[PDB]
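Here is the structure we will look at, set down as structure tokens.
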Amino acid sequence: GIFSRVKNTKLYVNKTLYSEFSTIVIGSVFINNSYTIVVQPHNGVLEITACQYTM
Amino acid sequence: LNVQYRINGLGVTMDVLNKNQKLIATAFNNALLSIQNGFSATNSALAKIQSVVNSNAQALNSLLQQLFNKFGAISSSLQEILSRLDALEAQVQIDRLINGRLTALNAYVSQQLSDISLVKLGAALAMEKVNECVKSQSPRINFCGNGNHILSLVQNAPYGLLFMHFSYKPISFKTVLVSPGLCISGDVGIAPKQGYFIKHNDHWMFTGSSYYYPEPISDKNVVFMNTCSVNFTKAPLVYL
Amino acid sequence: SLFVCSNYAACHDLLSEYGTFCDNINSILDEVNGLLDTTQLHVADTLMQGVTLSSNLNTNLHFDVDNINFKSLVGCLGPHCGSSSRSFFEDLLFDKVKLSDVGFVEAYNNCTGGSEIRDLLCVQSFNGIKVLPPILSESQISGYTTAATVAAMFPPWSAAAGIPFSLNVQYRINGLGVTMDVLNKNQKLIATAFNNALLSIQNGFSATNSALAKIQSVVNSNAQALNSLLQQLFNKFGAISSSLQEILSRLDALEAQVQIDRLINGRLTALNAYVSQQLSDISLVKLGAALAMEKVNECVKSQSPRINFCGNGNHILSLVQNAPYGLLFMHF
Amino acid sequence: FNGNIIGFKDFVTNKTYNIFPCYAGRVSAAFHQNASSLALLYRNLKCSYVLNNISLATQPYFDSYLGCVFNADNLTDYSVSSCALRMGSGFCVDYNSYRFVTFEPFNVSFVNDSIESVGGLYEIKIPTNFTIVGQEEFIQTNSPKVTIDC
Amino acid sequence: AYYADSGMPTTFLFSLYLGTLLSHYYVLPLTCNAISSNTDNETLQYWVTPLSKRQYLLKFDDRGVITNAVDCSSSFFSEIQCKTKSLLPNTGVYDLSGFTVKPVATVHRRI
Ligand SMILES: *[C@@H]1O[C@H](CO)[C@@H](O)[C@H](O)[C@H]1NC(C)=O
Ligand SMILES: *[C@@H]1O[C@H](CO)[C@@H](O)[C@H](O)[C@H]1NC(C)=O
Ligand SMILES: *[C@@H]1O[C@H](CO)[C@@H](O)[C@H](O)[C@H]1NC(C)=O
Ligand SMILES: *[C@@H]1O[C@H](CO)[C@@H](O)[C@H](O)[C@H]1NC(C)=O
Ligand SMILES: *[C@@H]1O[C@H](CO)[C@@H](O)[C@H](O)[C@H]1NC(C)=O
Ligand SMILES: *[C@@H]1O[C@H](CO)[C@@H](O)[C@H](O)[C@H]1NC(C)=O
Numbered sequence: 003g004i005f006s007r008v009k010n011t012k013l014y015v016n017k018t019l020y021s022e023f024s025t026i027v028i029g030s031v032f033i034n035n036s037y038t039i040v041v042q043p044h045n046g047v048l049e050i051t052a053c054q055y056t057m
Numbered sequence: 033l034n035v036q037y038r039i040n041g042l043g044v045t046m047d048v049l050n051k052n053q054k055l056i057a058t059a060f061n062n063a064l065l066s067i068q069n070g071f072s073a074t075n076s077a078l079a080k081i082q083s084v085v086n087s088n089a090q091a092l093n094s095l096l097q098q099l100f101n102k103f104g105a106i107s108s109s110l111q112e113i114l115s116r117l118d119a120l121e122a123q124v125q126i127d128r129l130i131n132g133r134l135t136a137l138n139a140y141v142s143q144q145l146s147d148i149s150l151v152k153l154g155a156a157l158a159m160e161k162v163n164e165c166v167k168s169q170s171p172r173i174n175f176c177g178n179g180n181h182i183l184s185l186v187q188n189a190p191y192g193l194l195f196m197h198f199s200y201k202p203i204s205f206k207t208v209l210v211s212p213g214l215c216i217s218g219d220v221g222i223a224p225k226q227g228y229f230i231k232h233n234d235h236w237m238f239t240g241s242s243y244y245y246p247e248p249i250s251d252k253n254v255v256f257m258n259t260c261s262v263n264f265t266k267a268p269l270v271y272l
Numbered sequence: 011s012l013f014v015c016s017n018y019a020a021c022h023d024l025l026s027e028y029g030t031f032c033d034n035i036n037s038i039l040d041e042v043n044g045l046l047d048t049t050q051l052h053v054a055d056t057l058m059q060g061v062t063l064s065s066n067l068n069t070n071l072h073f074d075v076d077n078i079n080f081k082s083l084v085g086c087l088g089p090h091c092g093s094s095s096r097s098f099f100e101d102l103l104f105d106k107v108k109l110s111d112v113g114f115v116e117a118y119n120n121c122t123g124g125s126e127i128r129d130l131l132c133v134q135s136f137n138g139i140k141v142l143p144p145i146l147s148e149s150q151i152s153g154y155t156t157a158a159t160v161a162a163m164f165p166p167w168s169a170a171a172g173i174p175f176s177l178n179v180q181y182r183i184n185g186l187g188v189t190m191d192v193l194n195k196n197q198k199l200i201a202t203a204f205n206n207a208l209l210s211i212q213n214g215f216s217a218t219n220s221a222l223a224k225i226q227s228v229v230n231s232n233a234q235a236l237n238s239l240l241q242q243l244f245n246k247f248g249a250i251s252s253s254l255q256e257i258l259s260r261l262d263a264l265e266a267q268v269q270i271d272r273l274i275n276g277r278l279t280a281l282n283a284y285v286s287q288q289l290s291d292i293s294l295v296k297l298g299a300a301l302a303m304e305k306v307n308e309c310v311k312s313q314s315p316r317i318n319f320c321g322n323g324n325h326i327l328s329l330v331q332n333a334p335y336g337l338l339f340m341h342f
Numbered sequence: 026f027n028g029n030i031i032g033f034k035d036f037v038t039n040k041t042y043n044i045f046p047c048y049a050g051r052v053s054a055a056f057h058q059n060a061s062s063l064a065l066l067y068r069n070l071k072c073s074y075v076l077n078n079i080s081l082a083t084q085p086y087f088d089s090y091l092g093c094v095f096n097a098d099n100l101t102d103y104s105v106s107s108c109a110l111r112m113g114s115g116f117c118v119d120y121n122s123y124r125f126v127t128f129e130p131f132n133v134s135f136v137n138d139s140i141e142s143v144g145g146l147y148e149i150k151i152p153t154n155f156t157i158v159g160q161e162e163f164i165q166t167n168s169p170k171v172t173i174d175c
Numbered sequence: 820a821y822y823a824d825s826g827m828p829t830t831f832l833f834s835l836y837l838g839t840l841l842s843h844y845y846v847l848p849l850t851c852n853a854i855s856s857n858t859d860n861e862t863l864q865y866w867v868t869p870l871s872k873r874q875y876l877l878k879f880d881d882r883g884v885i886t887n888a889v890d891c892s893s894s895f896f897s898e899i900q901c902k903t904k905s906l907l908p909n910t911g912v913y914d915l916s917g918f919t920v921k922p923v924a925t926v927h928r929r930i
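Protein chains in written order, with the working numbering: chain A, 3 to 57; chain B, 33 to 272; chain C, 11 to 342; chain D, 26 to 175; chain E, 820 to 930.
Rendered as structure tokens:
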């Protein structure tokens, strides 16, 4: 098991304030099997892809 | 009269008790007030009473938690084991769980019988104190009270009994010259009944074992003997 | 986590959710130790209920008076007796019983400093079955007994109802029937009789005396119980082996869980039976301690008209001396 | 006698060895509600063995009869008549860092009077004032009648 | 999976059934044109910490909010703290059953 803490990166854009960080991925072999899970954010909302597709 | 007669067995004479009965009355009242106000603190009586109550509650709670233990099975609830598993293949699987609960109950009742037997022995000691120190009094040392015991009242307590061992404790002492044993020059000994012999201005007087009070020599405080020993204070003019 | 299973990870990992079945064992063991040290404290309290010693009391110098030998009942020297702990009689009693508090701490201390493996205490103490020393060492109890014995004779008298030892035996023997006309003229005979009684008592431990029989029986019973408990770990219990390394190494870590569950619950129920028997034995020891305290404050400190209680026959006096895991009385 | 291994003998060097079990014991740690540190005490051990087998010394410590105690200054001369953290053999520890001291539950009542008899008389402290005190005692006579069904 | 935007502890998100034993984890690099911008923007501070089978003493308030937790394995203090289920245990001696000894591994017995 693991534990990861993320510090918000308050980056300022022209008249807009956003915050984006890295993307975390978990797996065992990273092939068309093992049920890989990728968790990535898109400007304030998390998107999780639990599909076991190739990379 | 009971406290006055019982306090004589320790050594103090009635010459002081008869003139200080009000002191005994106020001492008893103060003792009862101290006993009644003693439960507010961490008294030993409430400690063992709450220990017995909490021990019974802890035993019942531990027994109830035994039903929630897995015992090597998949779960502890009966509905899950008889619903998820088939009614035909779960018999041998539930047999170990049911005999485990039965042996746990057997161990609990065995410990309960042992504890109840200990309770019976304690009750025997309690009845012995009730009919030995409360109702009457016998010459036993350090039994009805850790010290100079006088009386012992009884009051009901939650799951047991409570006793008021009215002891006898002194406050101030006094240095004095004592002399156990004495004998007349006519080849006859003298022994103190309950106390010692104290010389006081060329005169031999007897005092109690727990109260310095020089009283004259009489027959109720002298154990007569037939011949004098060797390590006795030789002193004439002490004829009775 | 020591006697239940060795210092491994597979056994400790399974003992997380199943660890609630050993909490009651630890609690009952703590309760047993509580009864033991509370009874020991009550015994130490009843041995000095009304003692009153003197500051100018030289135990090593002034220890004999009125033709009666008290050398074996005195065991301290100087203001602080640090080098001297027990008396001569206690030394003779503890010489034949080496498994005392000092013996246990010596056997446990000389386990890693360099010696020869000839005892089972090192294998017992390294498997979680250790014997902690009592809250009061044998030296403290021996000093308490010595103080009581000395206070019973030197003024002020405490354990002799406020009367000298010679006067106590002379007044007590009158209750049996003999008058003081014979006792007053034969005080030297009583003194030499007491000296001969002490000599016979001291020299009686060399043979198969009843005191050493029960003392060694108690020590051997405790050692046998600990050995039998340790042998339970070596039992197969229906498994292929008894060692944890073999069962967690030869068999797979996934299919051995259900197989090790029966072995672990068997060891736990064996421990539960052992602590139950230990509680029963400790309760019996508590009752025996109650009887011992009754004799201490009923026949040693004072005397009451009771028949065949302080001695099988015409009892006169009853001295007290410390013994390994108990007390010893001299029913004169 | 029981049947356990205690040694062996190598077949390649003709050497014999005696197997001695290594240290696998416990450690006692006394804690007080008003304190912050802990008084670690290793029963039946030497300070050199603990320092050469656990870690380096970082807290004040000294040897003792029971073993090597940590974070507790030893003071054998001091005596207390009431202790709450008993360690055994008449030794107690208490928060002032804890201090290793000795405890005696009860002490005899020493007096400044002579022992021998001068002129055929002795010295005994007899009372002159008295106050009847009241003690307490609870004896468990009845117990809750528990019932369990089948 | 558990995430928490506000507060110290974290809440539940979901649970699935995979069966396959997980063995790795990675951090995808960012082909981003503006990350530092000549030390004028926030950089990356991604941290990870491994876990193990341990046990704590979680204290819940009147509103069910975690405030203090005992490690139970950091030192002997945590063991005594979580042994009696109290942040400030009572006085007395505490025999720590389960003291670390750090032994060696023994395998492949030879005949
Ligand atoms: C895994 O899926 C990809 C799809 O892009 C495919 O090209 C590849 O051949 C697959 N792997 C195997 C071993 O068939
Ligand atoms: C008490 O008796 C002993 C032996 O009979 C004797 O030596 C001693 O002098 C006596 N004590 C006194 C004060 O005479
Ligand atoms: C070891 O002892 C055996 C037994 O006598 C002997 O034959 C042999 O030469 C010795 N040395 C070695 C290296 O085996
Ligand atoms: C602990 O400290 C508090 C601080 O006021 C004090 O009131 C209390 O008596 C102390 N208790 C002990 C046992 O030292
Ligand atoms: C600690 O104990 C030793 C004896 O084991 C003693 O010599 C030493 O003085 C003690 N330390 C003190 C009192 O500071
Ligand atoms: C005995 O002590 C009590 C304690 O309060 C005191 O009130 C009383 O006056 C004393 N007796 C005498 C005779 O002074």
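Ideal Cβ placement from N, Cα and C applies to all residues, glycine included.
Is it buried or exposed, residue i, if we count other Cβ atoms within 10 angstroms and call 16 or more buried?
i: residue 260 of chain C; result: exposed
i: residue 148 of chain D; result: buried
i: residue 98 of chain B; result: buried
i: residue 208 of chain C; result: buried
i: residue 58 of chain B; result: exposed
Hey, would you say residue i sits closer than 8 angstroms to residue j, going by beta carbons?
i: residue 861 of chain E; j: residue 48 of chain A; result: no
i: residue 53 of chain D; j: residue 66 of chain D; result: yes
i: residue 107 of chain C; j: residue 143 of chain C; result: no
i: residue 251 of chain B; j: residue 269 of chain B; result: no
i: residue 44 of chain B; j: residue 240 of chain B; result: yes
i: residue 176 of chain B; j: residue 184 of chain B; result: yes
i: residue 200 of chain B; j: residue 81 of chain B; result: no
i: residue 833 of chain E; j: residue 823 of chain E; result: no
i: residue 206 of chain B; j: residue 146 of chain D; result: no
Quick check on residue i - is its C-beta less than 8 angstroms from some C-beta in chain C?
i: residue 872 of chain E; result: yes
i: residue 121 of chain D; result: no
i: residue 922 of chain E; result: yes
i: residue 138 of chain D; result: yes
When the cut-off is 8 angstroms and only beta carbons count, does residue i lie next to chain E?
i: residue 25 of chain A; result: yes
i: residue 23 of chain C; result: yes
i: residue 11 of chain C; result: yes
i: residue 52 of chain D; result: yes
May I ask which residues mark the beginning and end of the beta strand (DSSP E) holding residue i?
i: residue 253 of chain B; result: Counting along the chain, residue 253 of chain B falls outside any beta strand (DSSP E), and DSSP gives it neither H nor E.
i: residue 188 of chain B; result: 183-189
i: residue 198 of chain B; result: 192-198
If we cut at 8 angstroms on Cβ distances, does residue i have a partner in chain D?
i: residue 74 of chain B; result: no
i: residue 911 of chain E; result: yes
In the DSSP assignment, find the alpha helix (DSSP H) that holds residue i and state where it starts and stops.
i: residue 98 of chain D; result: First-last for residue 98 of chain D: 97-105, but that is the beta strand (DSSP E), not the alpha helix (DSSP H).
i: residue 899 of chain E; result: 895-902
i: residue 384 of chain C; result: One cannot answer for residue 384 of chain C here, as it falls past the ends of chain C, which runs 11 to 342.
Shorter than 8 angstroms from the beta carbon of residue i to some beta carbon of chain B?
i: residue 166 of chain D; result: yes
Only counting runs of 4 or more residues, tell me where the alpha helix (DSSP H) segments fall wholly within the region 243-302 of chain C, in order along the chain. Listed in chain order, the complete alpha helix (DSSP H) runs (minimum 4 residues) inside the region 243-302 of chain C are 254-260.
Going along the chain, which unbroken runs of the alpha helix (DSSP H) with 4 or more residues stay wholly within the region 158-199 of chain C? Fully enclosed alpha helix (DSSP H) runs of 4 or longer: 175-183 and 190-195.
Extract the residue ranges of the beta strand (DSSP E) inside the region 133-170 of chain D, only unbroken runs of 3 or more that lie entirely within it. As summarised for the region 133-170 of chain D, the continuous beta strand (DSSP E) elements at least 3 residues long and confined to that stretch are 159-164, given in chain order.
Can you list, in chain order, the stretches of the beta strand (DSSP E) that have 3 or more residues and sit fully within the region 86-149 of chain C? DSSP runs (the beta strand (DSSP E)) wholly in the region 86-149 of chain C: none.
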